[PDB]
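To keep things clear, I will list the structure first and then write my remarks on it.
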Amino acid sequence: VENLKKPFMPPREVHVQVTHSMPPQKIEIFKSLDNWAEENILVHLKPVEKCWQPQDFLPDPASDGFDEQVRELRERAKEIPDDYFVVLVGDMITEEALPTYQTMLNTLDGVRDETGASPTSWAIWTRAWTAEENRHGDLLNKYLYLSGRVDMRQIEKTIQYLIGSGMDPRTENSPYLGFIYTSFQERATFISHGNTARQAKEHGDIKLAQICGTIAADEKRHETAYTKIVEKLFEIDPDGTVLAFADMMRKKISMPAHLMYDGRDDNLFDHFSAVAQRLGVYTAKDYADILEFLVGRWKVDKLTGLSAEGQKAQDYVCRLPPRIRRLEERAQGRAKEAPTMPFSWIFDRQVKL
Amino acid sequence: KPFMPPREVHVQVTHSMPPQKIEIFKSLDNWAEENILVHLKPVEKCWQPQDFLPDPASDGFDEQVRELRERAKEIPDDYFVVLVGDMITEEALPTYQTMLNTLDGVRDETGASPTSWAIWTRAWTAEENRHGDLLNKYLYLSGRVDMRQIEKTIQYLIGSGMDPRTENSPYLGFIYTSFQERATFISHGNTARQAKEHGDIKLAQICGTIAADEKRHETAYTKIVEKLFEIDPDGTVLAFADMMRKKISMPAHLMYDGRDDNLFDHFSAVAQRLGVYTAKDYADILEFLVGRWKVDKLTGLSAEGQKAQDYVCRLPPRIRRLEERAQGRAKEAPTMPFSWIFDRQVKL
Amino acid sequence: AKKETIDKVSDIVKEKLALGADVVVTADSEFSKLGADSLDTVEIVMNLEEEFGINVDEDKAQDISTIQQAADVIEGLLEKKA
Amino acid sequence: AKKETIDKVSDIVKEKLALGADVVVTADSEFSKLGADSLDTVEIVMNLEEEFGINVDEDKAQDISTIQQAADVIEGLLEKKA
Ligand SMILES: C[As](C)(=O)[O-]
Ligand SMILES: C[As](C)(=O)[O-]
Ligand SMILES: [Ca+2]
Ligand SMILES: [Ca+2]
Ligand SMILES: [Fe+3]
Ligand SMILES: [Fe+3]
Ligand SMILES: [Fe+3]
Ligand SMILES: [Fe+3]
């Protein structure tokens with residue numbers, strides 16, 4: 001109240017926050033499916049004992065070889081162009097804001113972890129999932145540190161700004177909206193890390209290619225389990241699910257790290273994205289293929305017996321992929337010469353947007 | 001299950017707070033902005049892990065790490081166990097935010113809720129993340145510890161979660177946190193003051209800095225609870241007593257490395273022995289609060305409100321005697337291997 | 001405003017906005033009036049570019065509120081090309 | 001089991017758990033039943049040791065069901081040093 005604009009302000013969400021859009025009756029659906037999740041969802045979790053750990057991919061600080069191991073890591077990192085590192089630091093920062101995602105999963109009405117150690121299949125999933133995601137953060141973090149190619153202080157400040165900021169995926173406490181969102185979101189990071197892996201490989205760092213390729217392996221596993229929940233919701237509530245699916249796409253999947261701030265760049269996310277767009281790490285063309293994949297995966301085209309505006313919603317979703325791809329192709333034609341810009345993550349060295 | 005973590009051993013209670021009282025917190029939204037959020041350090045003025053570690057961007061990096069490792073040689077393993085112990089606790093941060101968000105009146109409803117509580121929770125979580133990252137990178141660089149094992153122990157803990165038994169009551173929760181945050185203040189005060197004696201004044205700074213942060217958080221939590229005593233002197237006392245009967249179960253208490261079944265207890269025992277965090281401290285933490293909130297001076301409590309207040313006040317000296325006794329009858333401590341330090345052994 | 005551009009616009013507005021030939025259209029009907037989201041606004045111009053062999057620049061695209069305001073910008077770019 | 005042993009044990013449990021002499025305490029009466037938590041129980045034992053000048057290892061402190069069970073073990077510890 002009685003306010004102004006402060007000197008170092010992060011970007012806030014620019015829309016009225018909607019909560020509990022899902023009709024409270026439907027919470028039951030998820031209580032009934034508790035035993036189903038144990039059987040079909042939790043099996044997508046990799047038993048902790050068989051999991052990889054950051055240490056597996058980084059220099060071993062316990063052995064004599066440590067000094068050379070780091071030294072090589074740094075030498076191969078010399079050859080990686082800055083514009084790539086921007087996109088890498090971009091993932092590292094996204095990933096490191098993990099507390100938020102767990103926190104967001106725990107906003108979802110039917111599946112939220114009621115106590116922080118709730119023995120429900122959803123709370124078991126959420127916590128176990130969060131545990132697997134923490135490793136992405138830690139590993140990119142330590143690697144980005146050892147490289148010495150990036151201003152670690154600035155990156156860390158950017159993380160603090162992002163965890164403070166939070167995010168609103170506009171999932172409105174509806175597990176329909178949330179799990180559809182996550183289904184999508186988790187695939188984006190699959191395609192995202194697939195490319196970054198496949199690109200580091202070409203830049204001659206097959207150790208870093210493995211690093212990204214491994215995260216991708218994990219992300220597919222999560223993607224599987226999320227699409228699998230939502231598939232069930234189409235099978236049980238074909239109307240509500242479609243309507244929600246459509247609702248999400250209209251809002252557009254706002255990427256979880258979209259309120260990124262370093263205290264210097266006011267549209268830091270857009271600039272980061274633009275570079276990932278240009279490097280072909282995650283394009284608008286992909287956003288389409290991600291959407292289209294889901295429409296095939298969940299068989300949205302083959303759904304029967306929807307309501308009056310259930311059909312309107314279904315039709316909307318199916319024709320959306322080719323629609324974006326055209327609008328996309330157009331933008332590339334009319335697209336102006338990309339400017340060069342400094343990034344505080346790389347000591348203000350410049351890259352192309 | 002061949003590899004099972006320790007689960008919480010008590011029926012989970014939820015929403016013990018009467019739903020009417022959610023209002024109290026809505027009414028105090030604008031109060032929190034004025035008295036609580038000011039205990040947040042503006043992001044621009046905050047320290048960052050990088051400030052304390054070797055600068056990878058400069059030529060001096062090679063020597064910087066090399067010294068870090070040379071000073072780390074002199075630090076006895078039993079200390080490293082207690083250090084790794086903190087690092088693991090701190091790294092399980094997602095849980096604490098997730099727990100703060102279980103609290104009825106103050107939970108972040110959307111993940112970006114502009115309420116003073118959700119602003120606090122998120123901003124607080126952001127400051128805590130730095131503790132994790134910093135100890136993590138340092139424990140890595142030292143090369144004194146099996147980083148694979150530590151990381152596995154973290155996954156096991158974040159999977160496991162925790163139940164502080166706060167039952168979605170912000171009374172219970174903020175009292176818990178008030179307590180919990182001070183423990184880590186005394187905890188890191190000692191580890192800092194001890195590393196200083198072991199001749200690593202860079203690592204002493206590292207711990208002393210976390211302590212500076214923890215005090216600020218402790219200030220803001222005691223300050224909420226202070227308000228609840230001023231507004232609901234009965235409910236708050238009753239809750240305060242309720243917590244202490246349950247005993248503040250430390251957030252990292254379901255710790256598991258896939259080898260040690262009572263890993264937490266063994267870890268604690270070593271901190272107990274090193275005098276980093278003793279049973280005597282738990283007493284002084286409780287006693288501090290009883291003085292802070294003026295529980296002794298409260299007026300007009302109910303029939304079992306008084307029973308509750310009296311219980312809390314006499315609890316500190318009561319523990320300290322039970323404590324002193326245990327030390328006398330205490331048997332010779334055994335030696336034990338720790339997977340965090342490549343199974344090298346320390347005394348419990 | 002010649003009745004060969006107003007003719008060819010009608011067909012594209014109808015075929016895009018999923019309105020049957022029964023809904024009567026004049027040169028002053030707005031796009032918001034006829035029920036369309038923001039994405040359609042460009043998509044309608046998208047067709048006209050492929051159905052007239054001319055490209056309207058991103059700049060002069062947004063000024064459009066009705067059919068006349070649109071079918072007018074086609075007249076000009078066919079005059080300095082054809 | 002003997003009167004003088006039970007005497008001080010009855011008295012110590014009273015004085016600890018704040019009860020008047022009008023409150024009944026038999027040999028067979030239990031600890032939890034008289035309203036004691038696991039903490040009052042260890043404190044009661046700690047008083048006994050200071051009152052009798054002999055002490056109990058905690059590996060016999062869990063069998064403590066009743067005043068009888070507790071006054072029984074004191075008569076075996078005093079038949080050791082005395
Ligand atoms: C933790 As994520 C947003 O990469 O699925
Ligand atoms: C985030 As903490 C366990 O240091 O209060
Ligand atoms: Ca992390
Ligand atoms: Ca961390
Ligand atoms: Fe991830
Ligand atoms: Fe993920
Ligand atoms: Fe902390
Ligand atoms: Fe803390």
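By order of appearance in the structure tokens: chains A, B, ..., then residues from 1 within every chain, and ligands from 1 in the order shown.
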
Original post:
Do you know which residues are at most 8 Å from stretch 16-32 of chain B counting only C-alpha atoms, after dropping those on the same chain fewer than 6 positions away, and could you put them as a ChimeraX atom specification?
Top reply: /B:104-106,115-117,167-169,224

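Interface residues of chain A facing chain C, defined by any atom at most 12 Å away and using only C-alpha atoms, are residues 250, 312, 316, 320, 322, 323, 324, 325, 326, 327, 328, 329, 330, 331, 333, 334, 335 and 336 of chain A.
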
Dump as a compact mmCIF listing (two decimals), in the first residue's frame, selection limited to N, CA, C and O atoms:
```txt
# COMPACT_ATOMS: atom_id res chain seq x y z
N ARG A 250 -4.41 -21.77 -24.10
CA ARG A 250 -4.84 -20.39 -24.32
C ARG A 250 -4.02 -19.43 -23.47
O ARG A 250 -3.55 -18.40 -23.96
N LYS A 312 -15.68 -27.53 -28.73
CA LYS A 312 -15.00 -26.29 -29.09
C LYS A 312 -13.57 -26.30 -28.57
O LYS A 312 -12.64 -25.90 -29.28
N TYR A 316 -10.02 -26.80 -30.80
CA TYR A 316 -9.04 -25.73 -30.63
C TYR A 316 -7.64 -26.29 -30.45
O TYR A 316 -6.69 -25.81 -31.05
N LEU A 320 -4.16 -26.32 -33.19
CA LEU A 320 -3.23 -25.34 -32.69
C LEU A 320 -1.78 -25.57 -33.17
O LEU A 320 -1.10 -24.60 -33.48
N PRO A 322 -0.37 -26.88 -36.10
CA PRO A 322 -0.03 -26.34 -37.41
C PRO A 322 -0.21 -24.84 -37.48
O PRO A 322 0.37 -24.19 -38.33
N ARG A 323 -1.01 -24.30 -36.58
CA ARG A 323 -1.35 -22.88 -36.58
C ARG A 323 -0.17 -22.04 -36.10
O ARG A 323 0.13 -21.00 -36.67
N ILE A 324 0.46 -22.51 -35.03
CA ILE A 324 1.67 -21.90 -34.48
C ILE A 324 2.80 -21.96 -35.49
O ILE A 324 3.39 -20.93 -35.80
N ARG A 325 3.09 -23.15 -36.00
CA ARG A 325 4.17 -23.35 -36.97
C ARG A 325 4.16 -22.38 -38.16
O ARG A 325 5.22 -22.06 -38.70
N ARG A 326 2.97 -21.92 -38.57
CA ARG A 326 2.84 -20.97 -39.68
C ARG A 326 3.16 -19.58 -39.20
O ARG A 326 3.93 -18.84 -39.81
N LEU A 327 2.55 -19.22 -38.09
CA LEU A 327 2.80 -17.95 -37.46
C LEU A 327 4.30 -17.82 -37.18
O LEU A 327 4.89 -16.74 -37.37
N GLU A 328 4.91 -18.93 -36.77
CA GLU A 328 6.35 -19.05 -36.51
C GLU A 328 7.17 -18.74 -37.77
O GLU A 328 7.96 -17.79 -37.78
N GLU A 329 6.99 -19.55 -38.82
CA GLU A 329 7.66 -19.38 -40.11
C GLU A 329 7.57 -17.94 -40.63
O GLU A 329 8.52 -17.42 -41.22
N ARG A 330 6.42 -17.32 -40.41
CA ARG A 330 6.18 -15.94 -40.81
C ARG A 330 7.12 -15.01 -40.09
O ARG A 330 7.83 -14.22 -40.73
N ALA A 331 7.14 -15.11 -38.77
CA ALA A 331 7.98 -14.26 -37.92
C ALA A 331 9.46 -14.29 -38.32
O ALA A 331 10.12 -13.27 -38.27
N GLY A 333 10.67 -14.80 -41.35
CA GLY A 333 10.79 -14.03 -42.59
C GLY A 333 10.86 -12.54 -42.33
O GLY A 333 11.78 -11.88 -42.80
N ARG A 334 9.89 -12.03 -41.56
CA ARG A 334 9.83 -10.60 -41.22
C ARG A 334 10.84 -10.20 -40.12
O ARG A 334 11.05 -9.01 -39.87
N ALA A 335 11.45 -11.21 -39.48
CA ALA A 335 12.39 -11.02 -38.36
C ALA A 335 13.58 -10.12 -38.67
O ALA A 335 14.29 -10.33 -39.67
N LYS A 336 13.81 -9.13 -37.82
CA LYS A 336 14.89 -8.17 -38.04
C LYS A 336 16.22 -8.73 -37.56
O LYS A 336 16.25 -9.71 -36.83
```

Subject >> chain B contacts to chain D at 8 Å (only C-alpha atoms) as a VMD selection string >> reply: chain B and resid 322 325 329

Subject >> Environment of ligand 5 within 12 Å, counting only C-alpha atoms and all ligand atoms, reported as a PyMOL selection string >> reply: chain A and resi 91-99+101-102+129-140+182+185-193+212+214-223+256-257

Original post:
Using only C-alpha atoms and all ligand atoms, what are the residues with an atom within 9 Å of ligand 2, set out as an NGL selection string?
Top reply: :B and (86 or 89-97 or 124-125 or 127-129 or 131-132 or 177 or 180-185 or 210 or 214 or 217 or 250-252)

Hey, could you lay chain D over chain C with a least-squares C-alpha fit (all atoms, paired in order) and save it as an mmCIF file with C-alpha atoms, in the first residue's frame?
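out-v3.cif, written as the output of this step:
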```
data_model
loop_
_atom_site.group_PDB
_atom_site.id
_atom_site.type_symbol
_atom_site.label_atom_id
_atom_site.label_comp_id
_atom_site.auth_asym_id
_atom_site.auth_seq_id
_atom_site.Cartn_x
_atom_site.Cartn_y
_atom_site.Cartn_z
ATOM 1 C CA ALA D 1 -12.982 0.461 -51.420
ATOM 2 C CA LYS D 2 -14.384 -1.493 -54.387
ATOM 3 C CA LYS D 3 -16.744 -4.490 -54.702
ATOM 4 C CA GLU D 4 -14.276 -7.216 -55.827
ATOM 5 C CA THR D 5 -11.781 -6.409 -53.073
ATOM 6 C CA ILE D 6 -14.470 -6.503 -50.365
ATOM 7 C CA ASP D 7 -15.682 -9.748 -52.031
ATOM 8 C CA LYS D 8 -12.620 -11.921 -51.253
ATOM 9 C CA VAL D 9 -12.095 -10.140 -47.907
ATOM 10 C CA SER D 10 -15.660 -11.001 -46.807
ATOM 11 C CA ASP D 11 -15.098 -14.575 -48.063
ATOM 12 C CA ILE D 12 -11.708 -15.007 -46.355
ATOM 13 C CA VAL D 13 -13.029 -13.762 -42.980
ATOM 14 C CA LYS D 14 -15.991 -16.140 -43.296
ATOM 15 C CA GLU D 15 -13.876 -19.155 -44.278
ATOM 16 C CA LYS D 16 -11.437 -18.381 -41.441
ATOM 17 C CA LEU D 17 -13.943 -17.708 -38.626
ATOM 18 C CA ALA D 18 -16.281 -20.553 -39.727
ATOM 19 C CA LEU D 19 -19.479 -18.732 -40.691
ATOM 20 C CA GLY D 20 -22.267 -19.598 -43.190
ATOM 21 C CA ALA D 21 -23.300 -17.211 -45.990
ATOM 22 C CA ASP D 22 -26.422 -16.389 -43.932
ATOM 23 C CA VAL D 23 -24.066 -14.564 -41.528
ATOM 24 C CA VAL D 24 -23.864 -10.853 -42.408
ATOM 25 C CA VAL D 25 -20.569 -9.099 -43.145
ATOM 26 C CA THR D 26 -20.625 -5.432 -44.167
ATOM 27 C CA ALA D 27 -17.732 -3.136 -45.027
ATOM 28 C CA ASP D 28 -18.226 -1.344 -41.670
ATOM 29 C CA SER D 29 -18.439 -4.569 -39.618
ATOM 30 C CA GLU D 30 -15.589 -5.164 -37.152
ATOM 31 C CA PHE D 31 -13.289 -8.147 -36.461
ATOM 32 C CA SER D 32 -13.654 -8.608 -32.689
ATOM 33 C CA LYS D 33 -17.409 -8.111 -33.193
ATOM 34 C CA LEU D 34 -17.436 -11.201 -35.475
ATOM 35 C CA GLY D 35 -15.675 -13.138 -32.721
ATOM 36 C CA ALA D 36 -11.978 -13.217 -33.517
ATOM 37 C CA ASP D 37 -9.024 -13.298 -31.139
ATOM 38 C CA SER D 38 -5.738 -11.471 -31.737
ATOM 39 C CA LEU D 39 -4.569 -14.764 -33.281
ATOM 40 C CA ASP D 40 -7.366 -15.198 -35.842
ATOM 41 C CA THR D 41 -6.646 -11.619 -36.943
ATOM 42 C CA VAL D 42 -2.998 -12.298 -37.815
ATOM 43 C CA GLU D 43 -4.068 -15.553 -39.529
ATOM 44 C CA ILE D 44 -6.673 -13.696 -41.617
ATOM 45 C CA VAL D 45 -3.958 -11.329 -42.860
ATOM 46 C CA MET D 46 -1.682 -14.299 -43.593
ATOM 47 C CA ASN D 47 -4.369 -15.872 -45.762
ATOM 48 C CA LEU D 48 -4.940 -12.604 -47.651
ATOM 49 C CA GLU D 49 -1.275 -12.392 -48.582
ATOM 50 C CA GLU D 50 -1.322 -15.953 -49.949
ATOM 51 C CA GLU D 51 -4.610 -15.238 -51.799
ATOM 52 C CA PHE D 52 -3.444 -11.914 -53.283
ATOM 53 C CA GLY D 53 0.315 -12.583 -53.587
ATOM 54 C CA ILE D 54 1.302 -9.366 -51.806
ATOM 55 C CA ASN D 55 2.305 -8.888 -48.180
ATOM 56 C CA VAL D 56 1.860 -6.477 -45.289
ATOM 57 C CA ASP D 57 4.464 -5.300 -42.799
ATOM 58 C CA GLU D 58 3.068 -5.501 -39.240
ATOM 59 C CA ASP D 59 3.536 -1.722 -38.679
ATOM 60 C CA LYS D 60 0.293 -1.319 -40.682
ATOM 61 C CA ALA D 61 -1.366 -4.454 -39.215
ATOM 62 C CA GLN D 62 -2.596 -2.691 -36.009
ATOM 63 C CA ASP D 63 -4.763 -0.040 -37.783
ATOM 64 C CA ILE D 64 -6.941 -2.938 -39.068
ATOM 65 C CA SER D 65 -10.291 -1.944 -37.514
ATOM 66 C CA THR D 66 -12.804 -3.100 -40.146
ATOM 67 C CA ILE D 67 -13.149 -5.012 -43.451
ATOM 68 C CA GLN D 68 -13.172 -1.507 -44.989
ATOM 69 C CA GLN D 69 -9.924 -0.571 -43.171
ATOM 70 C CA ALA D 70 -8.460 -3.911 -44.326
ATOM 71 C CA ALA D 71 -9.749 -4.019 -47.903
ATOM 72 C CA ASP D 72 -8.539 -0.408 -48.195
ATOM 73 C CA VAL D 73 -4.862 -1.264 -47.597
ATOM 74 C CA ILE D 74 -4.936 -4.184 -50.128
ATOM 75 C CA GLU D 75 -5.913 -1.734 -52.907
ATOM 76 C CA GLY D 76 -2.843 0.386 -52.069
ATOM 77 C CA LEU D 77 -0.466 -2.604 -52.085
ATOM 78 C CA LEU D 78 -1.781 -3.948 -55.436
ATOM 79 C CA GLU D 79 -1.411 -0.410 -56.867
ATOM 80 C CA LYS D 80 2.330 -0.878 -56.089
ATOM 81 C CA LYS D 81 3.485 -4.139 -57.753
ATOM 82 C CA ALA D 82 0.862 -4.526 -60.539
#
```

Quick one: residues within 12 Å of residue B:70, only C-alpha atoms, excluding same-chain residues fewer than 6 positions away - as a compact mmCIF listing (two decimals) with N, CA and C atoms, in the first residue's frame?
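This is the output file result-v9.txt:
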```txt
# COMPACT_ATOMS: atom_id res chain seq x y z
N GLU B 63 45.96 -21.91 -6.87
CA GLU B 63 46.46 -21.80 -5.50
C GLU B 63 45.32 -21.76 -4.48
N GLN B 64 44.30 -20.94 -4.75
CA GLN B 64 43.16 -20.78 -3.85
C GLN B 64 42.54 -22.11 -3.41
N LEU B 141 35.22 -29.23 -2.76
CA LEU B 141 36.60 -28.81 -3.02
C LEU B 141 37.61 -29.41 -2.06
N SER B 142 37.23 -29.54 -0.79
CA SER B 142 38.10 -30.11 0.24
C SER B 142 38.65 -31.50 -0.10
N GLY B 143 37.81 -32.34 -0.69
CA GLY B 143 38.20 -33.70 -1.03
C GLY B 143 38.43 -34.56 0.19
N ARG B 144 37.78 -34.20 1.28
CA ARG B 144 37.92 -34.95 2.51
C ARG B 144 36.75 -35.91 2.68
N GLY B 199 42.43 -23.38 12.97
CA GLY B 199 43.25 -22.55 12.08
C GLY B 199 42.72 -22.26 10.68
N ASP B 200 41.41 -22.40 10.48
CA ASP B 200 40.82 -22.04 9.19
C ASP B 200 39.83 -20.87 9.33
```

Subject >> Point-to-point distance in Å for atom CA of residue A:232 and atom CA of residue A:301 >> reply: 15.8 Å

Original post:
atom CA of residue B:112 and atom CA of residue A:167 are how many Å apart?
Top reply: 5.0 Å

Original post:
Interatomic distance between atom CA of residue A:73 and atom CA of residue B:149?
Top reply: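 According to the coordinates, atom CA of residue A:73 and atom CA of residue B:149 are separated by 22.7 Å.
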
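In chain B, the set of residues within 6 Å of chain A (atoms considered: only C-alpha atoms) is residues 48, 50, 56, 57, 94, 98, 99, 111, 112, 122, 123, 126, 143, 148, 155, 158, 159, 161, 162 and 163 of chain B.
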
Subject >> Polymer residues at most 8 Å from residue B:323, only C-alpha atoms, same-chain spacing of 4 or more positions, as a list in words >> reply: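 With the cut-off at 8 Å, the set is residues 279, 280, 319 and 327 of chain B.
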
Selected residues written out with N, CA and C atoms, as a short mmCIF file (atom, residue, chain, number, x, y, z; two decimals), in the first residue's frame:
```cif
data_model
loop_
_atom_site.label_atom_id
_atom_site.label_comp_id
_atom_site.auth_asym_id
_atom_site.auth_seq_id
_atom_site.Cartn_x
_atom_site.Cartn_y
_atom_site.Cartn_z
N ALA B 279 22.49 -31.29 24.47
CA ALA B 279 21.20 -31.29 25.12
C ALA B 279 21.10 -30.05 26.00
N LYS B 280 22.22 -29.61 26.55
CA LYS B 280 22.27 -28.37 27.33
C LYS B 280 21.85 -27.13 26.53
N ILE B 319 15.40 -30.33 32.22
CA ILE B 319 16.23 -31.02 31.23
C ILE B 319 17.69 -31.03 31.69
N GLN B 327 25.28 -37.81 31.72
CA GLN B 327 26.74 -37.69 31.52
C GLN B 327 27.52 -38.52 32.53
#
```

**OP:** Determine which residues of stretch 51-250 of chain A receive a DSSP assignment of helix (DSSP H, G or I), computed from the backbone, and state them as a PyMOL selection string.
**Re:** chain A and resi 54-57+66-78+82-96+98-105+121-147+152-165+175-202+206-236+238-250

Original post:
What lies within 10 Å of stretch 74-80 of chain B using only C-alpha atoms, ignoring chain neighbours under 6 positions off, as a list in words?
Top reply: residues 86, 139, 144, 145, 191, 194, 195, 198, 199, 200, 267, 270, 271, 273, 274, 276, 338, 340, 341, 344, 345, 346, 347 and 348 of chain B

Subject >> Top pick for closest residue to ligand 7, considering B:307, B:216, B:297, B:15 and counting only C-alpha atoms and all ligand atoms >> reply: B:216
